Amino acid sequence: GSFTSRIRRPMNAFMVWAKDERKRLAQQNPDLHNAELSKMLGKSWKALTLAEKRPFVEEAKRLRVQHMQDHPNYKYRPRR
DNA sequence: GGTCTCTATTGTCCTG
DNA sequence: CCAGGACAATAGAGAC
């Protein structure tokens, strides 16, 4: 296999939902910077019922479980 | 001038 | 299980 391939942390439920919404807001607000778009997303994400977040939670689960198969003894190591 | 850091958000995990 | 982090996706924007 490979040791020089970057491995990126699987995205939690917020980031899975934000990937598609951030695009969707970036269309409707095309001058806006992603720093400003994030402030919009966090506010929208607070406002979602736990019922409304559960589909993105389930998709985040699938990811992490798949992240395991591909990198099976993976340990998260933040740099410093 | 490519290449890296940073913004800004949440949730997840880490190392002190 | 606090305190102080890194870091997932995203393009703009500064720095060197």
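Counting neighbours? That spans all protein chains shown, and the Cβs are built from the backbone with ideal geometry, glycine included. The numbers here are math on the coordinates, done by the rules we state, and not lab data.
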Add +1 for every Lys or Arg and -1 for every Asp or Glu among the other residues with Cβ under 13 Å from the Cβ of A:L48, and state the total. +2
Using +1 on the beta carbon of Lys and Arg, -1 on that of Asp and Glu, and nothing else charged, what's the dipole of chain A about the Cα centre, debye to 20? 460
If one takes the longest principal axis of the Cα atoms in chain A, at what angle in degrees, from 0 to 90 and to the nearest 10, does the Cα axis of helix A:34-46 lie? 90
Too long for a 21 Å Cα-Cα cut-off, among A:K23/A:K46; A:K19/A:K75; A:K19/A:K46; A:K23/A:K53; A:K23/A:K43, are A:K19/A:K75
Could I have the simple spin-label model distance between A:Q28 and A:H67, label points 7 Å from Cα toward Cβ, reported in nm to one decimal? 2.9
Dipole-positive endmost among A:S44, A:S5, A:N34 within region A:1-68 (Cβ charges, Cα centre): A:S5
How many nm is it between the label spots at A:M15 and A:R54, if each spot is 7 Å from the Cα in line with the beta carbon? 2.5
Nearest 10 degrees, 0 to 90: what angle lies between the long axis of helix A:13-28 and the longest principal axis of chain A (Cα atoms)? 40
Restricting to DSSP H runs of at least four residues, report the calculated mean residue ellipticity at 222 nm for chain A, -39500 (n - 2.57) per run over all residues, nearest 500 deg cm²/dmol. -21000 deg cm²/dmol
With 10 angstrom as the radius, rank A:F14, A:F56 by how many other C-beta atoms surround their C-beta, starting from the fewest. A:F14, A:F56
Long-range share for chain A, i.e. C-alpha pairs more than 16 Å apart as a percent of all pairs, stands at 61
So, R0 is 35 Å and r is the distance between the beta-carbons of A:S38 and A:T4; what FRET efficiency does that work out to, to 0.05? 0.70
Calculate the length of the line joining the C-alpha centroid of region A:1-38 to that of region A:46-65, in whole Å. 15
